[PDB]
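Position 1 is the first residue of the sequence; numbering continues from there. Remember, it's 1-based here, ligands and their atoms both numbered in the order they're listed. These values consider heavy atoms only, across backbone and side chains, with no hydrogens, waters or symmetry-generated copies.
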Amino acid sequence: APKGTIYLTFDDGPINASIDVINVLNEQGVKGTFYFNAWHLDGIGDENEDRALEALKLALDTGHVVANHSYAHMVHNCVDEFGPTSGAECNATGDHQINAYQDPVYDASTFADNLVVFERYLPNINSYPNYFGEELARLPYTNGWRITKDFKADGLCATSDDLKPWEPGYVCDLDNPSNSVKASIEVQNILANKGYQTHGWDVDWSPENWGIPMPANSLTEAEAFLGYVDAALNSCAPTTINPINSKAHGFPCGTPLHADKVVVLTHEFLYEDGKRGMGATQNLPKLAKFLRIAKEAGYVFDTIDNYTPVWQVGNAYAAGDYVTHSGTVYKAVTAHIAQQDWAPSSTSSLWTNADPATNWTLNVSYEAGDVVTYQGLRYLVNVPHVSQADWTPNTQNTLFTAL
Ligand code: NA
Ligand SMILES: [Zn+2]
């Protein structure tokens with residue numbers, strides 16, 4: 001059995017550099033998960049991106065998973081009026097993380113916009129089984145997680161209302177997080193209610209010297225980075241990670257679904273020869289070498305659509321095991337072997353729904369203290385129970401108390 005599973009994930013494509021990263025992965029059979037921003041398809045993302053559509057097609061045609069990172073990386077919150085030059089304008093100030101989330105309803109809606117743009121540029125995108133745009137997301141800047149009803153985390157220092165973490169006077173108060181962080185938490189919850197899972201990361205393959213003129217050249221070496229992975233294994237890395245704005249607060253250390261897994265965050269723009277350094281000439285070899293020695297160290301590589309295992313006929317499940325089935329998270333009621341006619345569902349006796357959503361949902365094991373939303377109103381669970389269709393919170397006064 002493997003030492004563990006690494007989920008190599010790439011943020012902020014599709015850009016020209018994505019093609020070179022993908023090719024490297026393909027020559028070793030490794031599949032990645034790509035958290036894409038469609039504004040690069042529109043040509044306003046201030047990267048080398050004339051081949052962005054080519055790169056999206058290549059990701060899909062060679063089996064990589066495409067996921068939702070929002071249309072424009074929240075850059076509308078970086079400028080007064082979003083437009084074709086906002087990306088460069090925000091790159092000039094480096095203020096990406098300041099007021100990064102403002103109106104959570106609007107900001108969450110830019111994940112929906114992202115999908116509309118993908119489906120205009122690639123009309124058959126939903127005929128690809130590896131297109132997970134509607135089901136997997138990651139918030140810009142934010143190591144926040146929405147995995148199951150009992151597996152969630154928020155980056156409480158991820159973004160700021162004024163000061164960047166290194167400026168004099170910067171403070172993060174975990175009991176009074178920034179307005180930006182509070183808005184981002186609401187974004188997480190909106191997406192969970194639309195059926196997304198969101199995944200953060202354990203380790204960020206990033207420049208070791210943010211300060212040199214060509215920072216991409218300081219990308220950690222393959223051997224040293226494997227050391228970071230090894231150290232992340234089963235050590236609750238999302239909470240121990242540095243810098244402060246990268247921590248995932250509340251992450252349930254030791255949760256079984258994270259056991260023996262390491263989610264790596266990196267960015268394809270770090271693997272390009274250009275304004276950030278000779279990332280292609282120096283860093284693509286580090287990537288290729290990482291894949292080789294990771295596999296030799298006993299690791300296997302997988303994509304985020306398998307982080308929660310997909311339900312499969314014939315597999316053995318223990319009580320408490322989590323799966324996804326047709327995109328929905330379920331928790332096994334009893335140990336059993338899966339059979340084709342008894343799949344998870346809203347009426348299954350073998351599974352309960354354990355999506356990280358907070359809207360009232362059928363076949364959920366509700367506990368005292370849970371709060372559900374139903375017909376626009378909030379209800380507290382009074383009596384633990386498994387929900388069912390007749391027990392809608394507005395009419396079930398024994399089981400729910402309106403807030
Ligand atoms: Na889902
Ligand atoms: Zn990003």
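- Using a cut-off of 3.0 Å, one finds that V329 contributes no N/O/S atom close to the Na ion (ligand 1).
- Salt-bridge check for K261 with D302: failed, with every basic side-chain N at 4.0 Å or more from each acidic carboxylate O.
- Note on the Zn ion (ligand 2): protein N/O/S atoms under 2.8 Å are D12 OD1, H69 NE2, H73 NE2.
- Side-chain polar atoms of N143 and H249 form no donor-acceptor pair below 3.5 angstrom.
- The existence of a salt bridge linking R51 and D20 is excluded, since no basic side-chain nitrogen approaches an acidic carboxylate oxygen closer than 4.0 Å.
- Checked for salt-bridge contact, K3 and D230 meet the test: a charged N lies under 4.0 Å from a carboxylate O.
- A salt bridge does not link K331 with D321: none of the charged nitrogens is closer than 4.0 Å to a carboxylate oxygen.
- Comment: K286 does not engage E223 in a salt bridge, judged by the lack of any side-chain N to carboxylate O separation of less than 4.0 angstrom.
- Using a 4.0 Å cut-off between charged nitrogen and carboxylate oxygen, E135 and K194 do not count as a salt-bridge pair.
- For the pair O of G327 and O of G195, the angle whose vertex sits at the Na ion (ligand 1) is 180° to 10 degrees.
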